[PDB]
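1. My sequence and its experimental structure, below.
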Amino acid sequence: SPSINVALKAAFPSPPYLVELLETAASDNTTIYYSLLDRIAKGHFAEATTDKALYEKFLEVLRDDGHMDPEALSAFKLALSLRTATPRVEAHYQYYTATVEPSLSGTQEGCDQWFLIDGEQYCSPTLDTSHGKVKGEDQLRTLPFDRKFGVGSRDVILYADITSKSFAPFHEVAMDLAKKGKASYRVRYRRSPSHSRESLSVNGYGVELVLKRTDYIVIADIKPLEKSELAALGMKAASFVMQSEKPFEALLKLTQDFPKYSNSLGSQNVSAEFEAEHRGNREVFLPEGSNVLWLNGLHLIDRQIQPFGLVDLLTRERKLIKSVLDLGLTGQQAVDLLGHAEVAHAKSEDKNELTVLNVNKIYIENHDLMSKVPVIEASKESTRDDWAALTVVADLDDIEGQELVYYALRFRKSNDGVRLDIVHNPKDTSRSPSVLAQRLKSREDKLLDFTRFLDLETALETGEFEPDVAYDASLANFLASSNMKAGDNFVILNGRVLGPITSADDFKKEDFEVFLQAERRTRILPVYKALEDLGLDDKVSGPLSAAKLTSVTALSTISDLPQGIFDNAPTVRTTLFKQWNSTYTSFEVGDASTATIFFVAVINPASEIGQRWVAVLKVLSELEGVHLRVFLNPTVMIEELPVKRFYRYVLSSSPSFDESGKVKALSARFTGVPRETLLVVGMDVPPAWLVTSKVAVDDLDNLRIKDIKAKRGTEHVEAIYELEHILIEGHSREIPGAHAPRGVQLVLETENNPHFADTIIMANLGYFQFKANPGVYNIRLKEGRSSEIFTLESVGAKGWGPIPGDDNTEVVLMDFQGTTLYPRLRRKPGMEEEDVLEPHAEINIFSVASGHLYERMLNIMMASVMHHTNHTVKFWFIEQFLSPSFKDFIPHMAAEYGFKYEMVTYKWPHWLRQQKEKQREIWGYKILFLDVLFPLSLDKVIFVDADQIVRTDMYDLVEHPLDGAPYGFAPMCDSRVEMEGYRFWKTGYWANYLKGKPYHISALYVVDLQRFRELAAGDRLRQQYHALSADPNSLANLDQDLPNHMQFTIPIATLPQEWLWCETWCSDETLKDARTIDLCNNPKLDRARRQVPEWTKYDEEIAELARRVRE
Ligand SMILES: *[C@@H]1O[C@H](CO)[C@@H](O[C@@H]2O[C@H](CO)[C@@H](O[C@@H]3O[C@H](CO[C@H]4O[C@H](CO)[C@@H](O)[C@H](O)[C@@H]4O)[C@@H](O)[C@H](O[C@H]4O[C@H](CO)[C@@H](O)[C@H](O)[C@@H]4O)[C@@H]3O)[C@H](O)[C@H]2NC(C)=O)[C@H](O)[C@H]1NC(C)=O
Ligand SMILES: *[C@@H]1O[C@H](CO)[C@@H](O)[C@H](O)[C@H]1NC(C)=O
Ligand SMILES: *[C@@H]1O[C@H](CO)[C@@H](O)[C@H](O)[C@H]1NC(C)=O
Ligand SMILES: [Ca+2]
């Protein structure tokens, strides 16, 4: 039974299932939230002891209280598995811990639940018992996780642990108060004392087992490698799926355990060149072996396939399709109507401007308004192609308002196919709107018979009516739904909201004709024709019935906002997937009639990308109302081994439950694993996550089952990771002339400590990031030059904007997608100075390792420095590359060798080109993020390449003058003569480019961090790496070649030859006056005992130390 298991746990305690279901079910819908909060305070959910039963009962009430329908209920199941609401809950707790507790003056008892009213806290429902003044920051501030119910003078906030029924009476009272209309009610959470500090188990990530031995090519103990028959493997693998008759199940089993059955392909006449003719699909559309996903016609991408991203996309697109299915269309017709070529041509440098609203929606809610307004219907003799539903909003008290209505009336006289509606929107509460509307609703029949303007003004004063209260109520709802101010003039044809109107001179009779003409060309005609092509021109029978379709389709052109995503607003509905014949390469799963969601996947089985897509897709199909047509299109061109890994996705469509009812954790277990093959563990985690290994026995970088069978006795690999941080990342800009405010330094703070974190603004589109967990934070400019020239106006937490209400320098993260920011900073008047120009411990060494040999020699590196130094040395490392076995042991090194150590990390920016091999990633962390990795307090760092023996006091290098250089290096030895043929750096390319500069070595170096930032070296390293990374062959060693190619622009200080020694280019005599030896590559265990005699001495010191701790 050879298996490997990987599980992921969050950096916070599990909030009870009770509160999670409340927040997940009432996703955001506050009306659902309080109707369920009432039922949990009633006592209906008290019998739910086993968390599964609690979930079970929530299904009953959601469906029974009308809150959820089966189609959207399946989405509830999947989102609940994902535990989407847990970080939202932890935000309340962190806020309670950092802002609420300190302000709460006095000792709490019986105050498990308490209200906050006017700076006073009350622990009793009676309101007569006030425990204390709520000092410090006022907690009545509007925060994202809040939920406002009712309007009131008093602002009531209930901090509750809902697990105890003691909350129930407090709620009922506040609920009564809010429903009466005396106060605005909002619910915040208190860390429930019934639940334990058991970390939360997360899902929605992927695991990879990379066979690092990929040099092979010309149940199963080793990876079988074939000759030049690779070419067809993708093709026969695809046929193997069709032959199976459990197709997407085969696709998964084959794609996830690819190496296993790799050579077994091309056997038992699976040659099946049936889909060879199926390239009729290829012959007209997209290339062989290309990965393309679509959702209702829209363009889906590789990393829009994180479970979190998909859940919000289903939710938004079901709402869009359901808006269309109120118009009598099927899921397939609705999508084909939306994803039609006539529609795509209406859309497609940089340019955009517009505002539109739903016609179906607005005429349903505002019934007593829209069926009681003066309606001049379009004469039934007008053609389908002429129909339009003009709706005019106007203040009939002012001349400009009544002038626009007159111009609309004259326009209706000329255009037969227009249904004209007039809604009175006054700005004075004394004149009830219902009376002026009913004044002209009497003259509705006699409307448009107005020759002079005075005829309308006189008709407004004739008659006397009663203020129809029902009318006024539906009017207020309309203006709120449509975001229309009182007394403002608006013109809305077919849903396209246009206005407000400044003066009625802007909009005359002739201007209305043109508005119909332009709207007709864009949203009316392409609908009629796309509609007539699909044989659905029967559904459009009336000016109003037509407008509902044209209006919905235009709204399908608005994408995200983008929150969490960077894809601002494109996605053009395509339709060419339909030309492809679905005989061989395609298979479908789900009913095409009841499906609201249409996933059209085009995956190549020989691709590594296909592995993830398939794994997610199975889970996505398990939602009642999701259709999936999977196209398999392989390529004939496979020069190397197509897939170089094993892959599993941790995700479930239905919530997992323990035997005791609690939530069951989701794990990635790989079965029938070869015992002879070398493996590496990698994580396929969503963009906002920072993940490092927690507890593991087996070296995550160097693995083989047969070896741990010979060490532990079992073939069961088990490891744990931690989602340690969630990113707060953003793109900075300058106000008003949008530029890159590079060199700007930032501080993240909380009401707990104001020096939480610090980073600097990057040159590539203003990138910055912070490693944080759910909670309320603030962002201030770092103490100094950043605050001098710049003042941060806002952190764009709501969108690019500016958005009214986003000028808050406050950030709060409450999602597994983090919080994407678009801050805006304006310069202080009359200045134009950049930070670049002005108006800790003795030694600071940093290192990294990625193997137990490198880790054993890293223990030696630390020990060698301390033996030869009488100074305060501090070690800095990259958290995630080290094994947990090494991480468990470093505090014991710190105590025995007398050093301190702080552990840094940074997540590779999404824009920056990543490296697939673990090795190439290692190299990038040494050179690319030096400026941002360390806090702004650290003056200088020194890198020592882990497998090293230092014999000199390293303080000398600290105070070595660099002379205008941000970093200093040790050069290549030209001492050994016999290896001159190997000295490539003094030849052709490296000789012409390096005119006289020496080839420096990326093994030992000094970084004067304050000069590094001052010079902005990192940004130049990063952007140069960018275009060079197109060919990985140019970056032979990106840690070494990058500073060497950049010594022409970024200065390189040269360090003495005594500092660096190698057993290939420096003579043995140099070792006498040695400072550091890299133990040069081209194994190390032999070279260490041979070159350095004291290497054994250090190894043995460590060996005893671990056993000393052991007892
Ligand atoms: C945010 O959340 C709220 C709350 O869920 C939603 O508001 C809902 O708005 C509508 C209009 O007021 C309510 O509609 C309800 O329709 C029920 C009938 O539905 C059936 O229709 C077909 C018939 O063929 C069936 O096939 C189908 O299965 C449906 O079941 C009525 O029975 C409802 O009456 C009463 O229901 C509940 C009791 O169960 C009461 O709490 C209500 O007050 C109501 O008197 C009702 O007419 C819907 O119920 C509203 N909810 C509430 C609680 O008021 C929002 O739409 C939602 N928004 C989003 C974006 O999710
Ligand atoms: C089975 O494979 C052989 C070799 O490719 C082929 O000649 C034969 O025709 C195949 N069988 C059938 C029934 O086509
Ligand atoms: C460290 O300090 C001791 C005591 O002052 C001194 O004897 C020793 O020489 C120092 N170490 C080195 C390497 O000089
Ligand atoms: Ca080394």
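-> In hand now; what should we look at? Numbers count the residues shown, from 1 in each chain. Ligands and ions are numbered 1, 2, ... in the order given.
2. tell me which parts of the chain are close to ligand 1?
-> Within the chain, the residues that sit near ligand 1 (Cβ under 6 Å from any ligand atom) are 29, 31, 32, 35, 65, 66, 67. C-beta coordinates here come from the backbone N, C-alpha and C atoms, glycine included.
3. and which of those is nearest to residue 787?
-> Ranked by distance to residue 787 (Cβ to Cβ), these are led by residue 29 at 41.8 Å.
4. give the contact list for the closest one.
-> Residues near residue 29 by Cβ atoms under 8 Å, 6 or more residues apart in numbering: residue 67.
5. now swap in the one 4 residues further on and tell me
-> Residues touching residue 33, when contacts are defined by Cβ under 8 Å, 6+ apart, comprise 22, 23, 26, 147.
6. before we move on, back to that, out of the residues of the chain next to ligand 1, flag the one nearest to residue 196.
-> Among the residues of the chain next to ligand 1, and counting by Cβ to Cβ, the member closest to residue 196 is residue 32, at 29.0 Å.
7. Does the lengthiest strand in the chain pack against any helices or strands, and if so which?
-> Using DSSP state E, we find that the single longest strand of the chain is strand 716-731. Under the contact criterion of 3 or more Cβ pairs under 8 Å, 6 or more residues apart in numbering; DSSP states H and E, strand 716-731 touches strand 3-13, strand 689-696, strand 767-772, strand 810-813, strand 819-821.
8. So which residues of the stretch 651-800 of the chain form helices?
-> 705-709, 785-789 (DSSP state H, counting those that start in this stretch).
9. Mind listing what's buried along stretch 671-685?
-> Neighbour counts using 16 or more other Cβ atoms under 10 Å place 673, 674, 675, 677, 678, 679, 680, 681, 682, 683, 684, 685 of stretch 671-685 among the buried residues.
10. And the residue in the stretch 501-650 of the chain that ligand 4 sits nearest to, how close does it get to residue 223?
-> Closest contact between the stretch 501-650 of the chain and ligand 4, by Cβ to the ion, is at residue 644 (26.6 Å). In this view, residue 644 and residue 223 are 10 Å apart by Cβ to Cβ, to the nearest Å.
11. element containing the residue in the stretch 401-550 of the chain positioned nearest to ligand 1, please.
-> Of the residues in the stretch 401-550 of the chain, the one nearest ligand 1 is residue 477, at a distance of 12.1 Å by Cβ to the nearest ligand atom. For residue 477, the host element (DSSP states H and E) is helix 469-481.
12. Return the set of buried residues in that helix.
-> 471, 472, 474, 475, 477, 478, 479.
13. So which elements touch it?
-> So helix 469-481, by 3+ Cβ pairs under 8 Å, 6+ apart, packs with helix 359-365, helix 367-370, strand 420-424, helix 433-442.
14. Which of these has the highest mean neighbour count?
-> strand 420-424 (a mean of 25; mean count of other Cβ atoms under 10 Å).
15. thinking again about what came up before, could you dump the helices and strands packed on helix 469-481 to TSV with distance to residue 989?
-> Shown next, in TSV, are the helices and strands packed on helix 469-481 (distance: least, Cβ to Cβ, whole Å):
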stretch	distance to residue 989
helix 359-365	66
helix 367-370	76
strand 420-424	75
helix 433-442	80
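16. nearest to residue 1078, of the ones you listed?
-> Between those, helix 359-365 lies closest to residue 1078; by Cβ to Cβ that is 69.6 Å.
17. Now find how far off-centre the closest one is within its chain.
-> Computed by Cα atoms, centre = their mean, to the nearest Å, the chain-centroid distance of helix 359-365 equals 33 Å.
18. so how far is residue 1035 from residue 991?
-> Residue 991 is 19 Å from residue 1035, by Cβ to Cβ.
19. More neighbours: the two, which one.
-> residue 1035 (20 against 12; other Cβ atoms under 10 Å).
20. The stretch 851-1000 of the chain: helices as residue ranges?
-> Counting by DSSP H, counting those that start in this stretch, the helices of the stretch 851-1000 of the chain are 852-867, 884-887, 890-897, 918-927, 930-933, 955-958, 988-993.
21. For residue 51, find the nearest of these.
-> Per Cβ to Cβ, nearest to residue 51 of these: helix 884-887, 29.9 Å.
22. rewinding a little: so for the longest strand of the chain, what gets flagged as buried?
-> 717-731.
23. For the residue in the chain positioned nearest to ligand 4, give its distance to residue 38.
-> Nearest residue of the chain to ligand 4: residue 945, at 3.5 Å (Cβ to the ion). Shown here: residue 945 relative to residue 38, a distance of 64 Å by Cβ to Cβ.
24. So for the two, which residue has more residues nearby?
-> residue 945 (22 against 14).
25. Once you drop chain neighbours, what's closest to that one?
-> residue 1003 (4.3 Å; Cβ to Cβ, 6 or more residues apart in numbering).
26. wait, doesn't that neighbour sit right on residue 1061?
-> No - using Cβ atoms under 8 Å, residue 1003 is not in contact with residue 1061, being 10.5 Å away.
27. For the stretch 151-300 of the chain, which segments are assigned as helices?
-> 167-180, 230-244, 247-256.
28. swap in the stretch 1001-1111 of the chain?
-> Going by DSSP H, counting those that start in this stretch, the stretch 1001-1111 of the chain shows helices at 1009-1015, 1017-1028, 1041-1045, 1084-1091, 1095-1110.
29. What is the first one packed up against?
-> Going back to what we said before, that points to helix 1009-1015. Going by 3+ Cβ pairs under 8 Å, 6+ apart, helix 1009-1015 lies up against helix 930-933, strand 940-944.
30. Make JSON lines from the ones you listed and add mean neighbour count to it.
-> What follows is the helices and strands packed on helix 1009-1015, written out as JSON lines (neighbours: other Cβ atoms under 10 Å):
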{"stretch": "helix 930-933", "mean neighbour count": "21"}
{"stretch": "strand 940-944", "mean neighbour count": "22"}
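31. Contacts only, for residue 335.
-> 296, 297, 321, 598.
32. who does the longest helix along the chain touch, helix- and strand-wise?
-> Using DSSP state H to define each element, the chain has its longest helix at helix 307-325. Packing partners of helix 307-325 (3+ Cβ pairs under 8 Å, 6+ apart): helix 70-81, helix 331-338, helix 543-555, strand 597-603, helix 608-621.
33. Please convert the ones you listed to JSON lines, extending it with distance to residue 382.
-> Shown next, in JSON lines, are these (distance: least, Cβ to Cβ, whole Å):
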{"stretch": "helix 70-81", "distance to residue 382": "38"}
{"stretch": "helix 331-338", "distance to residue 382": "23"}
{"stretch": "helix 543-555", "distance to residue 382": "8"}
{"stretch": "strand 597-603", "distance to residue 382": "35"}
{"stretch": "helix 608-621", "distance to residue 382": "46"}
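34. nearest to residue 781, of the ones you listed?
-> helix 70-81 (37.9 Å).
35. buried set for the closest one?
-> 71, 72, 73, 74, 75, 76, 77, 78, 79, 80, 81.
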